[PDB]
Structure formats: C-alpha cells, structure tokens
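Step one of this worksheet: look at the structure below.
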Amino acid sequence: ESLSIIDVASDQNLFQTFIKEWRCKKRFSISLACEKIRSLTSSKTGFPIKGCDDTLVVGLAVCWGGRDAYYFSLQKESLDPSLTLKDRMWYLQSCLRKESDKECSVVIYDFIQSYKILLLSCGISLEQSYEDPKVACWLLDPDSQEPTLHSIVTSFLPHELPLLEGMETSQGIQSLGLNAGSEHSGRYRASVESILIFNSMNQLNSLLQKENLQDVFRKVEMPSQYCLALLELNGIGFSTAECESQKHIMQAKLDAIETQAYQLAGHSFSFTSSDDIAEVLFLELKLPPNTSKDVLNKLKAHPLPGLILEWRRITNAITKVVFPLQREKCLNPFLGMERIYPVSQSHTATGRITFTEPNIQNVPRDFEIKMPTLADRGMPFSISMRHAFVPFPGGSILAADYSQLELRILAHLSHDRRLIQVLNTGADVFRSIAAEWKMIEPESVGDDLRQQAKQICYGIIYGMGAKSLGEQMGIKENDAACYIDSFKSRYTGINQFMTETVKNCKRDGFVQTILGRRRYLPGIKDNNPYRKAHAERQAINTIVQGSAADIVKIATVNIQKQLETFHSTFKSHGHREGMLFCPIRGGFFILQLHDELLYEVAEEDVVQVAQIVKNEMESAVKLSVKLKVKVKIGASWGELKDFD
DNA sequence: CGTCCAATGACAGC
DNA sequence: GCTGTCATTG
Ligand SMILES: O=C(Cc1ccc(C(F)(F)F)cc1C(F)(F)F)N(CC#Cc1cccnn1)c1ccccc1
Ligand SMILES: Nc1nc2c(ncn2[C@H]2CC[C@@H](COP(=O)(O)OP(=O)(O)OP(=O)(O)O)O2)c(=O)[nH]1
Ligand SMILES: [Mg+2]
C-alpha cells in the first residue's frame with residue numbers, strides 16, 4: 001500500500017486499460033505536471049506555458065483511490081510509438097468532458113490556474129463538476145490563512161506528511177505539480193499531489209456535510225470559481241492611448257498646481273517632503289499646528305492645503321494607477337487589442353471577490369480638474385480612468401448593478417418598516433440624506449457630497465461612533481450623537497436586528513449568511529472594549545455584506561449558465577486562443593464590483609445579454625424585498641449610459 | 001488605549 | 001525584514 005506511479009502512456013494495452021477504468025469513475029483527482037528546463041540533457045518535451053519561459057507541461061497525474069497515481073505523459077514521443085500524442089490528447093479530452101446525463105466530479109488543487117493551463121497550453125477545456133480543496137478550506141473558516149498543500153495534509157491527512165518531507169514547495173500556496181521550481185520531477189510532484197488531494201477532499205467533503213455547507217460548495221462557490229476562470233481568460237480591454245492621454249492632462253494640472261502653490265508660499269517647495277510642507281503651512285504661516293488628509297481638510301479654510309490635497313490625489317492616480325495598468329497590459333492578437341489580465345481572489349472574510357495584479361476594482365472614480373480655457377480659466381474637465389477600459393472592436397461594455405443590495409438585505413432581516421418604506425419611494429437615499437444635512441434641493445447634490453452621505457449612511461448603520469461621524473460631518477461630537485440617536489429612533493427594527501445579531505453571535509460564536517456560511521468571531525466575548533466592539537460590528541456587517549456576496553455569486557453562476565445555452569461560440573477569449581477568423585458573439589464576464597457585474601458583449605447580443613443579466617440578477621434569491629437592477633451599456637467602463 | 005465593514009498595494013522607522 | 005499606516009475602491 002505504498003506510493004505507486006503507473007505510467008499509462010508506456011503501453012497501448014496498459015493505456016486502454018487505464019482509459020477503460022477512468023471512463024467509469026465518477027470521482028477522480030488530477031494534478032498538472034509542470035517542469036522547468038533545468039538541463040538540456042534532461043529537458044522534456046511538452047506544451048509550453050504562457051507567461052513562463054523554459055517551463056513546460058510535461059504530463060498529468062490522475063488518482064481515484066488509495067496511493068495509486070496514474071501518470072499521463074504529454075511528451076511528443078512515448079515508449080509505445082503506436083500511441084501518438086494526438087491519440088493521447090484525444091482520450092485525455094474524451095475523459096475530461098462529460099455528457100448531459102452522466103455525472104462526474106474532478107478534484108483539482110488551484111482549479112482556476114489548472115483550468116487555464118489545460119486550455120491555453122494543452123488545448124483541453126474541462127467539462128466536469130469541479131471541487132477545489134482551497135475553496136473547501138475557506139468555507140470552514142473564511143478568516144483562515146490561505147491554504148497550502150502542506151497545511152491541508154497537516155490538518156486533513158496527517159499520516160501522509162512524510163510524503164511531503166523533502167518537497168518544501170508543498171508549503172507554498174501554489175500547487176505542487178504547478179511549481180516547476182522544485183528540483184523534484186513534475187511526474188513525482190503531480191503523482192504525489194493527486195493522491196494527497198483526492199483523499200484529503202473526501203475528508204473535506206465529510207466535514208462540509210456535517211456543517212451543511214456542501215450544497216453551497218457545489219452549487220455556488222465552485223461554479224463561481226469556474227466563472228472567475230472564464231473572467232481571467234477573458235481579461236479586460238485596455239486603451240494605452242486613452243490612459244496616456246489622461247496621464248498628460250493630469251501632469252499638466254500638477255504643473256499648474258505646483259506653480260500656483262509656489263506663488264502662495266512665495267518660494268518653491270517639494271510636495272513629496274512633508275518637512276517642506278510643514279515648514280510652509282505652519283512655520284511660515286498662521287495655521288494651527290497639530291500633513292495629513294484629515295489635518296489638511298481641517299486647514300482647508302489659505303488655499304494651499306486644497307492645492308496640496310489635489311496634487312496628492314492626481315499623483316496617486318499617475319503613480320499607483322496609470323503606472324501599474326501600463327505595466328500589466330499585454331497584446332491579444334486574436335482580438336487585435338491590448339487587454340489587462342487580473343487574478344481573482346475569493347479567499348475573503350465575507351465572501352466578496354477582489355482581484356490582484358492589478359486590482360482593477362480600485363481604479364479611481366471620475367473626478368474633475370479645472371484647467372485654464374479661453375474664458376473660464378477654471379473650466380471643469382472630467383478625468384475618467386475607467387474610460388481607458390474598452391470592449392473589443394465591435395462590442396460594448398454592459399454594467400448591471402443591484403440598487404442598494406445591502407439595504408434590501410438589511411430590510412429583509414430587520415423587517416424595519418421605515419427602511420422598506422424608504423426603498424419603495426424610488427428616490428436616492430444618499431441625496432435625501434445630503435438634502436437634509438446641507439438643507440439643499442436633492443437635485444443639487446453632487447457626487448462628492450453624495451459619496452460623503454454614502455459613508456455617513458453605511459457608517460452609522462455599521463456602528464460608527466459620534467466622534468468619527470462628527471469628523472465626517474465637520475460638527476461637534478455631541479451634535480453628531482443626535483444624528484445617531486435620531487437614526488436609532490426612526491429605524492428601530494434595524495437596531496433590534498443589531499441587538500439580536502450581537503446576542504446570538506456571543507452565544508453561537510459565529511454569524512451566518514443567508515446561504516449558511518459561517519464566519520467565526522471569537523472576539524465577541526473579548527474583555528478589551530475595542531476588540532469586543534470591533535467583533536460586534538463585524539457580526540452585523542458580515543451577515544449583510546456576506547449575503548450580498550452570496551447573491552452576486554449565484555447571479556453570476558446563473559447568468560453564465562444562460563449565456564452558454566444560447567451561444568454555441570467560444571466560452572471565453574481563452575477558448576479562442578487555446579483552440580485557435582470567426583466573429584465574436586455573446587457576452588464575456590470581465591469584472592465583478594461587489595454589487596455590479598461588468599460584461600463585454602457583442603453588439604448583436606447586447607439586448608439579449610441585457611435581458612439575461614437583469615432577469616437572472618433579480619431572481620437569484622427570493623427576499624421579502626424586491627431586488628432591483630439597473631443595466632447600463634457604453635463604449636467604455638466610463639461612458640456607460642442607461643439601457644432599458 | 002486603538003471604536004463603520006470589506007479589499008489591494010506602496011512604502012517606512014521600528 | 002518588516003507590521004503599520006494610508007492612498008484608493010466597493
Ligand atoms: O436618518 C438619518 C439618515 C438616514 C436615512 C436613511 C437610512 C437608511 F434607509 F438606509 F436606513 C440611513 C440613514 C443614516 F445615515 F442615519 F444611517 N439621519 C438622522 C437625522 C437627522 C436630523 C437631525 C436634525 C435635523 N434634521 N434631521 C441623518 C444622520 C446623519 C446625517 C444626516 C442625516
Ligand atoms: N461599511 C461600508 N460599506 C460600504 C461603503 N461603501 C460601500 N459599501 C458597501 C455597501 C454597498 C456596496 C456597494 O457600494 P456602492 O458604492 O455601489 O453603494 P451604492 O449604494 O450602490 O451606491 P450607488 O447606488 O451610487 O452605486 O458596498 C462604506 O463606506 N462603508
Ligand atoms: Mg451600487
């Protein structure tokens with residue numbers, strides 16, 4: 001009962017036996033064998049990997065029980081030349097693709113990355129039910145550290161730890177078979193992983209059943225990984241010319257601000273050095289000392305802090321947005337455009353999806369700069385960095401967002417009749433909040449003030465104190481306390497929900513979302529008042545924000561299911577590359593924004609996808625409050641117009 | 001000693 | 001070599 005590797009591509013008879021057994025397995029694990037070219041004498045043939053030089057996919061290991069790993073060589077020549085590589089890739093695709101009535105699940109560590117490699121390198125598109133142990137580890141503890149192969153074996157299969165004795169890459173987040181840096185062969189690494197991943201998943205599936213989270217794992221979380229896989233293969237269009245255009249006009253404003261600021265100070269100073277800013281603003285002037293955004297917003301009434309704040313916003317866009325975007329862009333010759341390919345991250349505390357390298361979610365909102373014209377000398381020009389994100393030639397960006405998703409969930413749980421009343425009016429909650437605060441007409445509220453009222457809204461709802469609220473509103477703490485107390489007197493059901501949530505969390509030790517995902521907050525019983533209250537606010541926010549993330553995932557999964565139904569074309573822009581012209585059809589998931597789904601849709605399918613997206617988002621889950629969706633389309637992420 | 005939540009990511013002065 | 005702070009987004 002020791003580790004046995006059966007090289008199935010060595011004998012035609014042994015291969016056909018392997019294909020015979022594999023085709024009747026309803027559960028198996030696979031691990032891609034990736035290896036780096038470390039010596040020309042030992043260099044193995046295989047399929048090259050995009051973005052990696054000297055790294056190839058040499059094979060693939062399959063395990064369906066015990067410590068027997070079946071290694072499937074993807075090299076150009078086998079021990080039996082009658083079994084050509086083309087014959088092997090045929091059987092490989094035949095077994096990794098299922099029929100309608102057939103039911104079969106494949107267990108893969110780091111499924112999204114493996115799905116992309118098989119498609120872009122080996123030309124294999126998986127058509128099975130997917131299970132990833134990394135996702136199962138996250139469902140049991142969303143605040144856990146990102147799982148490694150070593151930690152999974154340490155916690156769910158500890159007897160097989162000596163198998164990972166010499167391989168230090170098992171203690172890395174990357175898969176053992178994908179980490180070609182190890183001096184071990186990809187054949188041994190993939191075979192080891194196949195055995196550890198298959199048996200560990202049976203233990204994880206048992207725990208998920210006992211936690212009543214296996215349905216969420218199979219019907220929501222894993223299909224959401226498949227959707228993000230298509231997103232990572234699609235990427236988001238990027239227009240270097242537009243981004244450079246903004247970099248030029250933004251740098252012109254910075255030059256104008258610097259000149260205008262040097263006149264106000266009587267000399268030249270460096271905006272980077274806070275010492276030079278501190279000497280001017282305080283030692284050279286009459287401003288109350290004790291350069292922070294909070295400090296400079298207080299001192300915003302001579303015009304120098306305002307000019308310093310603007311200089312630091314624009315500089316942040318150039319240095320921390322323009323620079324990474326221009327770096328991570330690459331050419332897609334199959335679409336004739338430049339695209340940015342970010343990486344999805346679903347191991348979050350509440351279940352939200354963020355992205356990395358680069359995090360296109362953090363691309364700045366539209367902001368105005370004033371530049372001298374022939375008349376105004378301060379003419380407003382909008383700087384929309386999202387305008388640089390464009391669809392393929394002949395398509396449009398489709399954005400569909402939930403209208404106050406978290407508030408509707410909060411109404412669903414608190415049953416606060418005043419909140420249900422506010423949502424049913426159809427008026428913007430945040431403009432009304434700003435309309436009473438500033439005593440202005442609602443139609444006059446600008447986005448800056450509306451954003452300020454938005455943070456005042458969710459802040460007060462999620463436990464903000466009077467001191468911070470007074471800092472936000474520029475009023476005294478005692479005056480801000482009236483606004484909080486007035487909120488608690490108006491919306492009593494919300495407060496009753498907050499009280500009930502904290503009480504149950506203190507007893508249960510956790511809080512649950514609508515789908516049943518548990519987040520464990522042991523600080524709910526902490527003695528430290530700060531750490532205790534932070535846990536109390538986490539308990540209330542996780543239920544609402546996490547349930548909002550559940551609804552968006554279900555809608556994404558439901559949308560993509562409908563899209564593949566109508567359009568027999570390529571699932572993703574990676575299926576066009578991995579399979580090698582043909583016109584683009586359908587809509588392509590490009591970005592998720594917590595409450596918004598971004599889609600790159602071809603013109604002839606804009607109406608059809610829009611109907612699909614709106615209907616599926618509105619019927620994701622059934623709530624006591626209706627889920628309202630607004631669909632926008634436009635030639636860019638920054639030129640979205642309302643679509644009926 | 002720090003009281004809206006979630007997130008990525010560049011720096012710093014411990 | 002960093003934990004913390006602080007830009008930005010939701
Ligand atoms: O009630 C809201 C706002 C509000 C409305 C709706 C919601 C909802 F629907 F999302 F639940 C939440 C809020 C709040 F921000 F407080 F959380 N006040 C309360 C008040 C008042 C007041 C006092 C003297 C004179 N005039 N007016 C608010 C709080 C801070 C700034 C401005 C107004
Ligand atoms: N706790 C907290 N949650 C926030 C904050 N900003 C946003 N969120 C959460 C609540 C709703 C969700 C989506 O944010 P949006 O910016 O889309 O808010 P929105 O109400 O949809 O605004 P809009 O209708 O203008 O899109 O993110 C904040 O400042 N604090
Ligand atoms: Mg929104």
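Chain letters run A, B, ... following the sequence lines, proteins first and then strands; every chain starts at 1. Computed over heavy atoms, backbone and side chain alike; hydrogens, waters and symmetry mates excluded.
Picking from C:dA7, B:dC4, B:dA6 the nucleotide with the shortest atom distance to the side chain of A:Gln545 gives B:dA6. Closest to the side chain of A:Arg386, out of B:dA6, C:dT9, B:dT3, is C:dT9. Residue A:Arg352 has its side chain nearest to B:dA6 when only C:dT9, B:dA6, B:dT3 are considered. In this structure, the nucleotide among C:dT8, B:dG2, C:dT9 sitting nearest to the side chain of A:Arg365 is C:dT9. Taking every side-chain heavy atom of A:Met464 into account, B:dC4 is the closest of B:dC4, C:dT8, B:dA6.
OP1 or OP2 of B:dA6 sits under 4.0 Å from a side-chain N or O of A:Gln538. A sub-4.0 Å separation between OP1 or OP2 of B:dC5 and a side-chain N or O of A:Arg537 is present. An OP1 or OP2 oxygen of B:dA7 is reached within less than 4.0 angstrom by no side-chain nitrogen or oxygen of A:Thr348. A close approach under 4.0 Å does occur between a side-chain nitrogen or oxygen of A:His534 and OP1 or OP2 of B:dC5.
Comparing B:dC5 with C:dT3, their P atoms sit 23 Å apart, to the nearest whole Å. The same atom, P, is picked in C:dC2 and in B:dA6; the two are 25 Å apart, to the nearest Å. Across the P atoms, C:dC6 and B:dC4 are found 15 Å apart, a figure rounded to whole Å. Remark: the separation of the P atoms in B:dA7 and C:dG1 is 28 Å, to the nearest Å.
Taking each heavy atom of A:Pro442 and A:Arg431 in turn, the nearest pair found is O-CD, 3.5 Å. Across all their heavy atoms, A:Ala555 and A:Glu616 have their closest contact at CB-O, 4.2 Å.
Residue pairs meeting the salt bridge (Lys or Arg N to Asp or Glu O under 4.0 Å) criterion with at least one partner in residues 529-541 of chain A, sequence neighbours excluded, are A:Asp526-A:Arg531.
For A:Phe217, the ring pair (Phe, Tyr, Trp, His ring centres under 6.0 Å) test picks out no residue, with sequence neighbours left out. Applying the ring pair (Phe, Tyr, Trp, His ring centres under 6.0 Å) rule to A:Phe367 yields no partners; only residues at least two apart in sequence or on another chain are considered.
B:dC5: sugar pucker north (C1'-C2'-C3'-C4' torsion positive). Going by the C1'-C2'-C3'-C4' torsion, the sugar of C:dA7 sits on the north side, since that angle is positive.
DNA chain B is contacted by A:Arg519 of residues 519-527 of chain A, taking any non-hydrogen atom closer than 4.0 Å. Of the residues in residues 487-494 of chain A, none has a non-hydrogen atom less than 4.0 angstrom from any atom of DNA chain B.
Using modelled atom types, one finds a donor on one side chain and an acceptor on the other under 3.5 Å when comparing A:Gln251 with A:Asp255. Inspection of the A:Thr356 and A:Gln345 side chains reveals no N or O donor paired with an N or O acceptor under 3.5 Å.
The distance between atom CD of A:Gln345 and atom P of B:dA6, rounded to the nearest whole Å, is 15 Å. Rounded to an integer number of Å, the gap from A:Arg531 CZ to B:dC5 P is 15 Å. Distance A:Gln451 CD to C:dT9 P: 8 Å, rounded to the nearest Å. To the nearest angstrom, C1' of B:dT8 lies 15 Å from CD1 of A:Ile340. Rounded to whole Å, atom P of B:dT3 lies 17 Å from atom CD of A:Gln455. Look at OH on A:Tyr483: it is 19 Å from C1' on B:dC4, rounded to the nearest Å. Atom CG of A:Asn316 is separated from atom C1' of C:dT9 by 11 Å (rounded to the nearest Å). Rounded to whole Å, the distance from CG on A:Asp143 to P on B:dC5 is 13 Å.
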- [ ] Between protein and nucleotides 9-14 of chain B, map the contacts as a letter string: B base, S sugar-phosphate only, - none, heavy atoms under 4.0 Å, written 5' to 3'.
- [x] BS----
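Between A:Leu398 and the options A:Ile590, A:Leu597, A:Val601, a side chain to side chain contact (heavy atoms under 4.5 Å, CB included) holds for only A:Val601.
Between A:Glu242 and A:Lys329 no salt bridge is recorded (no basic side-chain N to carboxylate O distance below 4.0 Å). In summary, A:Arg518 and A:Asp508 do not engage in a salt bridge, as defined by a charged side-chain N under 4.0 Å from a carboxylate O.
With contacts defined as side-chain heavy-atom distances shorter than 4.5 Å, the pair A:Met617/A:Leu627 does not qualify.
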- [ ] Using the ring pair (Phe, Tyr, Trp, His ring centres under 6.0 Å) rule, take A:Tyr599 and A:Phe589 through it: C-alpha gap first, then chi angles, then the decisive distance, then the call.
- [x] CA-CA 5 Å; A:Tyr599 281 84; A:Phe589 189 23; 5.4 Å; yes
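As judged by a 4.0 angstrom heavy-atom cut-off over every strand, A:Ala349 is placed among residues touching the sugar-phosphate backbone only.
Ring centroid separation for the pair A:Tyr458 and A:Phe430 comes in under the 6.0 Å cut-off.
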